[PDB]
Structure formats: C-alpha cells, structure tokens
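Below is one structure, written out as structure tokens, with a few remarks after it.
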DNA sequence: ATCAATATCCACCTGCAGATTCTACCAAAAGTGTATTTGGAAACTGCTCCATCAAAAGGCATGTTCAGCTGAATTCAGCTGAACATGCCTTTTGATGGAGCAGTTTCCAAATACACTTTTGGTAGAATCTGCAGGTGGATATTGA
DNA sequence: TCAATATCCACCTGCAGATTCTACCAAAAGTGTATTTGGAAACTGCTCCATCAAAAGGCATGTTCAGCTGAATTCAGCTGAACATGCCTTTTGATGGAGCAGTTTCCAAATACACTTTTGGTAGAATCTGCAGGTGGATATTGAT
Ligand SMILES: [Cl-]
Ligand SMILES: [Cl-]
Ligand SMILES: [Cl-]
Ligand SMILES: [Cl-]
Ligand SMILES: [Mn+2]
Ligand SMILES: [Mn+2]
Ligand SMILES: [Mn+2]
Ligand SMILES: [Mn+2]
Ligand SMILES: [Mn+2]
Ligand SMILES: [Mn+2]
Ligand SMILES: [Mn+2]
Ligand SMILES: [Mn+2]
Ligand SMILES: [Mn+2]
Ligand SMILES: [Mn+2]
Ligand SMILES: [Mn+2]
C-alpha cells in the first residue's frame, strides 16, 4: 500500500492528531467524532502550550536559569492577563506567589 | 406489563431517567438499577423541597406554592441551601434580614 | 411537537406531602430546573467515577458514591437510603 | 509488565525547542504542562460535547471544538487559538 | 443608554440587599459592574445562538450562558 | 501504631506566620493562629473526605495522589503537578 | 408638617423590598440596554421575551447578591454607607477582579 | 549598644523573602500526621502514596497563602495593618466558603 | 548628614542528582474496503417577535433643609514584633518486610440488539378558584413639644 | 408624657388570570429472544508504603522589652436622606405583517466498522550537564545620633 503519513504531519502539527482523536472517542463526549475535530483540538492545545512555554522560558532566562521549572511557569502565567484569567482557579504546585506588597505596608 | 417505576415503588419515570442516562453520553453501558436508584434520589429531594416549600406557603396562609415559597424554603435550610448555594431562583426574592448596626437607637 | 418535562411527577410527589397544596406554574418551572440540574450533577459525577476507575458502565454503585460526594451530610444519608430501598424493592419484584 | 502509560511530554518538549532551542524543561515543570494540556483538553471537549447535545446533534465536528474554544478562552488567546485551529484544519483537509 | 438604569432603581436593588446608606459615587460604580455583567453573559448567549445558526437569542441561550458564568438560573428551562 | 492526637498543633505559630508572609502580611493579630488552624482543619477534612471516598469506591486501602487531585478539582481547587 | 429622620424611611424600604420580589429595574430601559450590547456581538438579532426576562432576573439577582457582600465590607470598615471602595473590595475577594 | 531593627522591618524582609521562594512552609512530618489523623477519623487502616500527602500540602499552603492575601486586603480596608479574625471571616464569607 | 551594623546581591566553583539521548518492543495509529448515518438542504408554514399606535399614570428628575455620619486629629494602654538563649524533634539516610496495587487469564451474570406490542405523556379545549388588589377601621410606630 | 401624622395590620369582598379537568394520538417504555461482553474471581508478580535506627542541627518555644499600633474620643464640615413638585418615559393592550424557528423529506458526503500491516511512543539503560549549595566581596539598607 501507500506510505504511512500521520494526520499530525498532514496537519502540520506537533501534537498527536491520532491520540487526540482517540481520547475524544473513548472520552464519552458525543457519539460520533468528525475528522477535523481532533485536528482542530490538537492545534489549539499545541498553540496554548507554546504560548506559555515562550513566556515561561523567558522567565527562566530573566533568572539566569536555562531550565524552565514551576516557578517560571507561575510567573509566566500570573503575569499574562490572558493566561492568568484562563488558569485563574488552577494552582501550580511548587510555583510560589508573585512578588507583591501593598503600598500602605512600606515605611514612609 | 408493569412500569419499572411502579415496580421500584417510585413516582418517577425510571424508564425515562434510564433513556437519558443512556442518551446524554455519560457512560458506554448503563447498569439496570442506576436508572432506578437515581430516580429514587431525584424523587426524594423533590419531595424534600416540596414539603418545606408547602410549609412555607401554609405559614403565609396560601395554598399554592410559588417561587417565593421555594426560595424561603431553601435559604432557610442549611442542607438545601448548601446544595443550591450557586443557584438563583427567579422570582424568589431574598430572606428578610437586616444587619444589627443598621437599627435605630 | 413534543417537549417532555418532570411536571407530572413533581405534581404527583406534591400531593403525597401536601394533597391540600397546589403549585404555581412558575414554581413548576423552578422544580424542573432543579431536577434537571441535580440529575445532571449526579449523572456527570457518576460518569467521571467510572472513568477514573476505567469501567465501561455506570451502575447504581456510581450513582450512590456520586450522591455522597455531591449531597450535604444529612441529605446524602436519606438519599442513599431512598435509592438503595427503591432498588432493593424493584429488583425483588 | 508495568503497563505503559501515555503522556503529552514528547510534544511539549518538541514545541519547547521550537521557541527556546537552548532552553530545557525540568521534570516537575513538565509535570505541570501535562496537567494543563489535559485540563484544557477536558474543558474544550466538554463544552464541545455539551454544545452538540444542546443542539440535538450526535456529532462533535471541528465546528463544535471552535465554538467551544471561543467560550473557553479569552481575548487574544482565543483569537489566535482559532486562527491556528482553522489553519491547521483546512491544511489537513486540503489534502 | 445604560444611564437608563436609574438612580432610584439602583437604590431599590441595594435596599433589597439590606443597604441603608448609599454613597453618591455608588451609582456610576454600579452601572459599570452591571454592564460588565450583561456584556459577559450576553456575549456567551449570543455565541450559543450563533452556533445554533439562529438569529434569535432564546431563553435557553441565556440559561446555558448563565450556567457557564457560574450564575445558574432556575425557572426558564433549567 | 501509637494514637494520633492534637496534630493540628503541628501547624506551628512559626509556620502560620511564614504563610502570612508569603501572603504579604506585615502585622499578625494574636488570635490569627487559632483561627487559621480552624480554617485549615476544615479545608483538610473536606478535601480528605472527598479523596477518601474516591478511594473507597475503588475498593482500595491506599489513598493515591490522584484521589486527592480528583478530590481537589471537585472542591474547585484544581491542582497541577501530580495530575499526571 | 411632619418629617421622618434620616435613615428611617431607608430601613422601611429595606423591609419592604426584602419582602417583595418584583423586579426593580424598569423593563423597557433594561431591554433596550440588553439589545444594545447584543448588537455589538451579532447584528440584527431577535430576543425571546423570556430570554430578556431570564437576563433581568439573573442580573438583578447578581446585583443584589453583590450589594450584600458590599454592605458587609462597609460594616467591616465601621461605616454604614456603601461606597466604591466596598463594591471594589468585595468584587476582588469574589475574584471577578 | 546592640543594633536593633525597628518593628516591621524584619516582617517586610520576610515577605520579600517568602514571595521569592516556593518551598513549602509547614514542616513535613507534623503535617503528615495531621493528614493521617484526620484521614483515619473518616476511615481506618488507610495508607497514603507519598505523592498524595504532598498533593495535599501544596493544596493547603496554596489555599492558606491565598486566603491571607484576601485577609490582608480586609484588614487594610479597615484602615488597619494587623490581620485579625474579623478579616479572615469576612474574606471567607465573601469568598462564599461559609457565609 | 554620617557613620556602623547587617543584610542583600552577584559572580566564581564543579560534582551529581536529575535531565537527555539511546535502544528496543508492541500497543494503537494508519491503510483499505465496506456497510450505516448525518445532517446540510430547497420548500413551506404557523408561531413569535418587532413595529406602531396611544393614551394614562406612575415614577423619576429636581432643588431644599438639615440631620448625623465619616473623617481628621490627638491620645495612650499594652499588643505584637525583634532579638536571644535553650535544646527538641524534624530531617536525612538506609535497609526490610509485607500489605496491596496491578497485570493476566477465565467466563457467567448482565447489558445490548432487535422486533414488536401496549401504555403514556404531551397537546388542545374545557370547568372552576385562589389570590391580588381595593376598602375601611383599628391600633402602631414615629417624632415633635 | 402628651398629641398628631403616617404606617401597618385585619377582615372582607370579588373579579380574572391561571389552573385543574375532561378527551385523544405518536413516541416511548415494557416484552420476548438472541448475542455479546464487561469486569468479578483467583492467582501472582513486584512496587512501594509503613517502620525502625541514629545522628545532627535547623527551628520551634519561651521570655524580656518597648516601639508604635489599634481603639477611644471629640468635633463639625458637608454628603446624602426625606420631601414636595413637575412632567415624560414606561406600561398596557391590541393588531398586522414579516421573519423564521421547526419540520419534512432527499441523498451526497462523512463516520463507523472490521483487521491487517506499519510505526510512533513509552520503559528502562547509557550518557550527560544545569545548577544547588558554598564562599567572598562588593553594594545597599537601616537606624542611631
Ligand atoms: Cl470535522
Ligand atoms: Cl446497575
Ligand atoms: Cl470610594
Ligand atoms: Cl477579630
Ligand atoms: Mn523563540
Ligand atoms: Mn499480599
Ligand atoms: Mn394518559
Ligand atoms: Mn392582599
Ligand atoms: Mn472481555
Ligand atoms: Mn525548647
Ligand atoms: Mn510604652
Ligand atoms: Mn492608628
Ligand atoms: Mn451640624
Ligand atoms: Mn521508530
Ligand atoms: Mn546559589
């Protein structure tokens, strides 16, 4: 037969179109799943993890570190309005809190 | 011959609950007693609210349960209030209550 | 067309606790929202439970556990009772 | 033996090199990333699901995943997500 | 147009809330909040609308929207 | 196993003060410590109860970290970092 | 020629309104407002009278609920007058801001 | 004539310190016993994945830390600077935890 | 302003606890061919939903008075932070025995399919009914003198 | 306390809008058979959780002391409530008509299936390094005077 190309590659994505498609089926969401449902969902997940790794990896550089860790992921998220609102009720293990001190608390 | 509801000694559509549990993509396969059990629980809570609500109505010398009566029924019961704390009953109004510091003299 | 609801059943259960009492339609509205909601909560939780436990089927077992996680201490007891009872009966007939 | 267990680690990593070639992700950090991917998948999948149900439709097409995405994500985050989704799809279907 | 939401009504709302004394700036403050509320919910409903390819926002579209905002409403279908 | 009791004191005044600091608290009242232990008590109870239910339903005698995660998400406190 | 002292009628209004349930915003204005924002999202829409009602109920509920948390903040500050500070404070703890 | 930081200066130092770190702040063992005590008071003969006791501490500290922020917001609103039980209860009430 | 006492900040090391990169099966994608099923789709059709009047109150927008509520300013008892001495007990490191998850294989009670066979629940009209809402009439509750 | 102005609370009274009530049909909800399969037993491989030992020092615990809070008062300027007015925007009902949710079929495209080969991942090895944890030396802050 023909050489096996992956839906991911057909889509120009890094995330697993095949795996996402299965998770959709086996996940009991709808009864039937369109072909471009896994392609679109992966693309979005791939876009989002890229938007936060870009921000996270910078937090990492700003700290002389070459290896992203949770702190970096926190500062990445909690500083970007968009991402913070999105994960506004999620808590990141080992991520700490953002350096912030009410003014009325500083010496005068 | 006999509906599962009447058999389960229930006033709720066991058959219907069953159809829905199946329809609304929850599981792949649905046990045979889940539709019963669930319908039992649903009925219970319903009877639970109706009595407290009907009691709220009798205390208003009214014989027909309106939303006010369902709101006063719920907000006045820890259990029902917690279970419905993030739900708002249209036309329910609010429990009369005024903070002390706001009273005269 | 047809648009089914729990109305009859609500009203049925109503007369068993206050045969003397009636019910505004608006009230009947709120009663459905209620049953639909709770129905959805329990069902949804039961759905997850099976998944966490990699089970292909939602049994009254999930529906119970689901009710404990979902209903306030005392309410849960009774609900579990009524549910266990309503099944034990149904099943022995 | 010790049955294998899927993850999103591989792809998180690929994407990492795509933006920060020299940067590496620790382990706990990758631990988060999965939670996130899973978490957001679940949110979208569900709304997508819920949406289909509301409309008496038995299938979740890419169109479901899209509305889902606009309700879930905010501001630009959503706009960019859709641009990327749509793109990645037509490219797929476009042979 | 939001100004249409009069001082008196904002006054009544607060009263049912148990408020005894309102500050002059409370009014413009309330309208802002009220707007942000209607904007977030209306936007959500209309998305559900547009999805069903309709040109009419139904009560269910609000209810569904409202449930997404954690503002579950009882009495219009669920 | 020896009997477990009054472990809620394990949450030392030192610790609770530390927490308040990360919470950006300058001055701490003297009653804050017992109030905090009270709040923590309930938080734990509520989260353990739910986690331990997810365990029992799985016919298990071990509370897996996943039970806690499912427990927390039900409680509206989604955690990242153990979920997988 | 009689006159009630400041705050008295206010309490009366509190008692009167926590007792009733009629909506407290004039229907028309509200509907006009709803439709105005709606236009900004999708054009030339229609509205089930019941969807507008749904919104006004939800909205009025919200506002009232918020007035309560607000008042409690004003009392915390040892006041009896709710001011922007309070709605602000409350909304932040609520996590809407 | 020993040196001495005016009251409130070490606090700020401690704030600036702890917000920069991410280490847990309650002692591990004391906290593991509290989990085990509370747990066994629900069901006996229970066991915990190490990972699970951690998931809980990360959760509690995360919660208490964040609660204190709202609590500080409340004290401050009271033209105060010292958090007091009033504050925690006002936060939790508005938080919708237990009104 | 000026030191003197500390605490904070930055760069320079470098072994190793973890993160990368290898390697090697096999669980599950991708390919194909072959039955369903879905849900756009061109017409059609009774609701619903805008528009338009078109008066009538209410109900809201104003401008007044002044009651009393919120800040500002001043005080000061003593609560709560800082610094220290003392030594408890959490941490660290490891090693072990089994309690129990988990991975494999059997299959029998139980759930799903299908084909029909009856029973219901929803939909329209058809006969009442419960309050809303208006009406005295009689104490209450406020508030001024 | 006495006296007067409004509020509130009752007991009725009587339509009017909703509500129970009185009949009938497709869509479900039981039935009877046949087929299929999930997940309960039993067993066993093996992870990893509970324990115990020991040593070391990071910290929690208590105590002294006094800076500077929080809690009280007092005071009056002026923000916001109670009101009497004046009039216009909202409320209420009918139309009348157009847009349009909702069906109703056609059926070409899109999914689900069955399963057969093909590889991309995942689970341990083998191979590597970012940086934790130390150490000094500036720099920057605080707080006394
Ligand atoms: Cl699709
Ligand atoms: Cl079952
Ligand atoms: Cl303000
Ligand atoms: Cl207090
Ligand atoms: Mn880049
Ligand atoms: Mn064993
Ligand atoms: Mn019938
Ligand atoms: Mn009346
Ligand atoms: Mn099987
Ligand atoms: Mn000691
Ligand atoms: Mn002193
Ligand atoms: Mn002060
Ligand atoms: Mn004055
Ligand atoms: Mn390969
Ligand atoms: Mn270092």
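Chains as they are written, first to last, in our numbering: chain A, 28 to 135; chain B, 838 to 942; chain C, 1321 to 1413; chain D, 1319 to 1413; chain E, 12 to 89; chain F, 1101 to 1184; chain G, 5 to 101; chain H, 634 to 732.
We treat Cβ as the ideally placed atom computed from N, Cα and C, and that holds for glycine.
Query, Result
"Near ligand 1: residue 1341 (chain D) beta-carbon under 6 Å from a heavy atom", "no"
"Counted within 10 angstroms of its Cβ, other Cβ atoms place residue 1109 (chain F) as buried (16 or more) or exposed", "exposed"
"Segment limits, beta strand (DSSP E) that includes residue 9 (chain A)", "This structure does not reach residue 9 (chain A), given that chain A is present from 28 up to 135, and the question cannot be answered."
"7 Å Cβ cutoff, residue 1385 (chain D) in contact with chain A", "no"
"Within-7 Å CB hit, residue 82 (chain G) to chain E", "no"
"Below 6 Å from a heavy atom of ligand 1 - residues by beta-carbon", "A:61, A:62, A:63, A:64, D:1379 and D:1380"
"Heavy atom of ligand 5 within 6 Å of residue 1330 (chain C) beta-carbon", "no"
"CB contact below 7 Å: residue 41 (chain A) versus chain H", "no"
"Nearest neighbour of residue 1177 (chain F), chosen from H:690, H:679 and H:732 [CA to CA]", "H:690"
"Beta-carbon proximity list for residue 858 (chain B), same chain, < 8 Å, skipping 5 on both sides", "864, 867, 871, 872 and 875"
"Buried or exposed by the 16-neighbour rule on C-beta atoms within 10 Å, applied to residue 877 (chain B)", "buried"
"Partners in chain E for residue 31 (chain G), counting only beta-carbon separations shorter than 8 Å", "Simply none; closest approach about 11 Å."
"Residue(s) in a DSSP beta bridge with residue 85 (chain E)", "B:926"
"Partners in chain B for residue 65 (chain G), counting only beta-carbon separations shorter than 7 Å", "925"
"C-alpha distance - residue 1169 (chain F) paired with residue 1183 (chain F), whole-angstrom precision", "6 Å"
"CB contact check: residue 6 (chain E) to chain C, cutoff 7 Å", "Beyond the ends of chain E as shown, which are 12 and 89, falls residue 6 (chain E); an answer cannot be given."
"Residue 45 (chain G), enclosing alpha helix (DSSP H) - first and last residue", "It is not in any alpha helix (DSSP H) - residue 45 (chain G) carries neither H nor E in the DSSP assignment."
"Per DSSP, cross-strand counterpart(s) of residue 1342 (chain D)", "A:94"
"Proximity to residue 1180 (chain F) [Cα-Cα], best of A:116, A:132 and A:130", "A:116"
"Contacts of residue 111 (chain A) in chain B (Cβ-Cβ under 8 Å)", "Within 8 Å Cβ-Cβ: nothing; residue 111 (chain A) doesn't reach chain B, min ~23 Å."
"Outcome for residue 76 (chain A) when other beta-carbon atoms lying within 10 angstroms are tallied against a minimum of 16", "buried"
"Listed by chain order, chain D residues near residue 129 (chain A) by CB distance under 8 Å", "Within 8 Å Cβ-Cβ: nothing; residue 129 (chain A) doesn't reach chain D, min ~27 Å."
"Residue 713 (chain H) to residue 1355 (chain D) span [Cα, whole Å]", "43 Å"
"First and last residue of the uninterrupted alpha helix (DSSP H) at residue 1157 (chain F)", "Taken as a continuous stretch (DSSP letters only), residue 1157 (chain F) belongs to no alpha helix (DSSP H), as it is neither H nor E."
"Where residue 907 (chain B) falls, given that 16 or more other Cβ within 10 Å makes a residue buried", "buried"
"Residues of the segment 73-94 of chain A whose Cβ lies closer than 7 Å to any Cβ of chain B, in chain order", "none"
"Straight-line gap, residue 8 (chain G) to residue 16 (chain G) (C-alpha atoms, nearest Å)", "11 Å"
"Cα-Cα separation between residue 1357 (chain C) and residue 1350 (chain C), rounded to whole angstroms", "10 Å"
"Contact set between residue 1174 (chain F) and chain H, taken where Cβ atoms lie within less than 9 Å", "Neighbours of residue 1174 (chain F) on chain H: none; closest Cβ ~13 Å, over 9 Å."
"Beta-bridge pairing of residue 16 (chain G) - partner residues as DSSP gives them", "BP columns for residue 16 (chain G) are empty, so no partner."
"Cβ shell of residue 1400 (chain D) (< 8 Å), same chain only, five flanking positions each side left out", "1384, 1387 and 1388"
"Opposing strand residues paired with residue 681 (chain H) [DSSP bridges]", "F:1163"
"Helix, strand or coil at residue 60 (chain A) according to DSSP, with G and I counted as helix", "strand"
"The alpha helix (DSSP H) enclosing residue 936 (chain B), as first and last residue numbers", "Looking at the DSSP string, residue 936 (chain B) is not in any alpha helix (DSSP H), and its letter there is neither H nor E."
"Under 7 Å between C-beta atoms of residue 681 (chain H) and residue 1163 (chain F)", "yes"
"Closer than 6 Å: residue 82 (chain G) CB and nearest ligand 3 heavy atom", "no"
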